[PDB]
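The next block is input-v2.txt, given as compact mmCIF, C-alpha atoms.
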# COMPACT_ATOMS: atom_id res chain seq x y z
CA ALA H 348 21.99 -48.56 -19.80
CA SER H 349 23.18 -46.71 -22.96
CA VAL H 350 26.32 -48.08 -24.73
CA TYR H 351 28.37 -44.86 -24.08
CA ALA H 352 27.96 -45.58 -20.30
CA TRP H 353 27.32 -49.38 -20.12
CA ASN H 354 26.50 -50.93 -16.72
CA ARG H 355 28.66 -53.69 -15.09
CA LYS H 356 27.03 -55.99 -12.49
CA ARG H 357 29.40 -58.08 -10.34
CA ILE H 358 28.03 -61.58 -9.69
CA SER H 359 29.64 -63.33 -6.67
CA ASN H 360 28.80 -65.67 -3.74
CA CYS H 361 26.15 -67.72 -5.65
CA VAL H 362 25.31 -70.72 -7.91
CA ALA H 363 24.36 -70.18 -11.60
CA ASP H 364 22.79 -72.78 -13.92
CA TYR H 365 23.93 -71.42 -17.32
CA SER H 366 21.50 -73.87 -19.02
CA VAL H 367 18.65 -71.54 -17.84
CA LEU H 368 20.20 -68.95 -20.21
CA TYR H 369 21.66 -71.11 -23.03
CA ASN H 370 18.58 -73.39 -23.51
CA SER H 371 16.32 -70.29 -23.98
CA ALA H 372 14.97 -69.50 -27.48
CA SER H 373 15.10 -65.76 -26.47
CA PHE H 374 18.74 -65.12 -27.56
CA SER H 375 19.68 -64.16 -31.16
CA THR H 376 23.34 -65.02 -30.37
CA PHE H 377 25.29 -66.64 -27.47
CA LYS H 378 28.86 -66.60 -28.93
CA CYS H 379 31.56 -67.65 -26.40
CA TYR H 380 35.38 -67.26 -26.30
CA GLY H 381 37.85 -69.41 -24.26
CA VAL H 382 34.83 -71.51 -23.00
CA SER H 383 31.96 -73.43 -24.72
CA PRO H 384 28.42 -72.69 -23.36
CA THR H 385 27.61 -76.43 -22.84
CA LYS H 386 30.60 -76.73 -20.38
CA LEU H 387 29.80 -73.74 -18.07
CA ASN H 388 27.92 -75.83 -15.42
CA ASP H 389 30.99 -78.16 -14.98
CA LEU H 390 33.34 -75.23 -14.25
CA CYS H 391 33.70 -72.26 -11.83
CA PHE H 392 35.01 -68.75 -11.27
CA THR H 393 36.25 -66.10 -8.78
CA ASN H 394 33.64 -63.57 -10.11
CA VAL H 395 31.47 -63.03 -13.21
CA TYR H 396 30.85 -59.53 -14.62
CA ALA H 397 27.71 -58.86 -16.66
CA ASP T 398 17.22 -88.45 -43.91
CA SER T 399 14.04 -86.37 -44.55
CA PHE T 400 12.10 -84.17 -42.06
CA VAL T 401 10.60 -80.70 -41.25
CA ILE T 402 12.27 -78.43 -38.63
CA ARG T 403 11.82 -74.76 -37.52
CA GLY T 404 14.10 -72.50 -39.67
CA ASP T 405 16.08 -71.14 -36.66
CA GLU T 406 16.98 -74.72 -35.54
CA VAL T 407 18.79 -75.71 -38.82
CA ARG T 408 22.04 -74.57 -37.04
CA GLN T 409 21.84 -77.73 -34.85
CA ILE T 410 22.13 -80.07 -37.91
CA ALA T 411 25.94 -80.58 -38.07
CA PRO T 412 28.92 -82.49 -36.61
CA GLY T 413 30.10 -80.43 -33.57
CA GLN T 414 26.90 -78.26 -33.28
CA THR T 415 25.00 -78.11 -29.94
CA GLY T 416 21.30 -77.81 -28.93
CA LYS T 417 18.19 -79.83 -27.88
CA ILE T 418 17.56 -81.54 -31.29
CA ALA T 419 21.29 -82.35 -31.67
CA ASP T 420 21.25 -83.81 -28.09
CA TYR T 421 17.91 -85.72 -28.15
CA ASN T 422 16.42 -86.74 -31.51
CA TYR T 423 18.83 -86.11 -34.47
CA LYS T 424 22.52 -86.55 -33.53
CA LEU T 425 24.89 -86.62 -36.54
CA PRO T 426 28.26 -88.46 -36.11
CA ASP T 427 31.18 -86.24 -34.94
CA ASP T 428 32.98 -87.22 -38.23
CA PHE T 429 29.85 -87.13 -40.50
CA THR T 430 30.58 -87.28 -44.28
CA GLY T 431 27.88 -85.83 -46.55
CA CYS T 432 25.59 -82.82 -47.05
CA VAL T 433 22.80 -81.00 -45.17
CA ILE T 434 20.23 -79.43 -47.53
CA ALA T 435 17.51 -77.20 -46.02
CA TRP T 436 14.90 -74.75 -47.37
CA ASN T 437 11.91 -72.66 -46.28
CA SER T 438 8.63 -74.63 -46.78
CA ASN T 439 6.09 -72.14 -45.24
CA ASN T 440 3.90 -72.29 -48.40
CA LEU T 441 3.88 -76.16 -48.24
CA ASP T 442 3.85 -76.99 -44.52
CA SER T 443 2.23 -74.09 -42.51
CA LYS T 444 -1.57 -73.99 -41.72
Write the structure described by the file as structure tokens, please.
Amino acid sequence: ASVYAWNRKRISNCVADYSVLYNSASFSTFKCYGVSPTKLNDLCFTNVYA
Amino acid sequence: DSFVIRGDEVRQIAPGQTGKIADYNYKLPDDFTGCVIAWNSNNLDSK
């Protein structure tokens, strides 16, 4: 979607291996706030919004 | 310590930095004292 009207996906009721994202060479940045990307598999959430 | 790396991966060469080379094959100490010098060597080391 275009940045004037950006699209929010709710993620819920599932397991995510964040290493599948963070280990990828595909990303030009992966900057995180309040959490470090290496820790995200050890930790869990009510929902995630993309 | 002397070696060739891909230019994008030079980020991993520090105390506190994270990635596959920092995890596996070239861990620096968390309190490392010294200097990291890196430069593009495409004209020397590509084929």
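Residues of chain T having any atom within 12 Å of chain H, counting all atoms listed in the file, are residues 403, 405, 406, 408, 413, 414, 415, 416, 417, 418 and 420 of chain T.
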Within 10 Å of file point (28.0, -60.4, -13.0), counting all atoms listed in the file, expressed as JSON, numbers by chain = {"H": [355, 356, 357, 358, 359, 394, 395, 396, 397]}
By how many Å are atom CA of residue H:390 and atom CA of residue T:425 apart?
-> 26.4 Å
Which residues, written as number ranges by chain, have at least one atom at most 10 Å from residue H:368, with all atoms listed in the file counted and residues fewer than 5 positions away on the same chain left out?
-> H: 363, 373-374, 377, 384
Atoms to include: C-alpha atoms. Write the selected residues as a CSV table (one decimal), in the frame of the given file.
chain,number,residue,atom,x,y,z
H,363,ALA,CA,24.4,-70.2,-11.6
H,373,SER,CA,15.1,-65.8,-26.5
H,374,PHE,CA,18.7,-65.1,-27.6
H,377,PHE,CA,25.3,-66.6,-27.5
H,384,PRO,CA,28.4,-72.7,-23.4
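Residues in contact with residue T:424 at up to 9 Å, not including ones fewer than 4 positions away on its chain and judged by only C-alpha atoms, are residues 409, 410, 411, 412, 418, 419 and 420 of chain T.
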Residues from the last selection, C-alpha atoms, saved as a compact mmCIF listing (two decimals), keeping the file's coordinate frame:
# COMPACT_ATOMS: atom_id res chain seq x y z
CA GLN T 409 21.84 -77.73 -34.85
CA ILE T 410 22.13 -80.07 -37.91
CA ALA T 411 25.94 -80.58 -38.07
CA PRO T 412 28.92 -82.49 -36.61
CA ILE T 418 17.56 -81.54 -31.29
CA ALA T 419 21.29 -82.35 -31.67
CA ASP T 420 21.25 -83.81 -28.09
With 4 Å on each side, where is the centre of the axis-aligned box around all listed atoms of stretch 351-367 of chain H, and how long are its edges in Å to one decimal, as JSON?
{"center_x": 24.1, "center_y": -59.4, "center_z": -13.9, "size_x": 19.0, "size_y": 37.0, "size_z": 28.3}
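Nearest residue to residue H:393 among H:376, H:362, H:354, H:348 is H:362, counting all atoms listed in the file.
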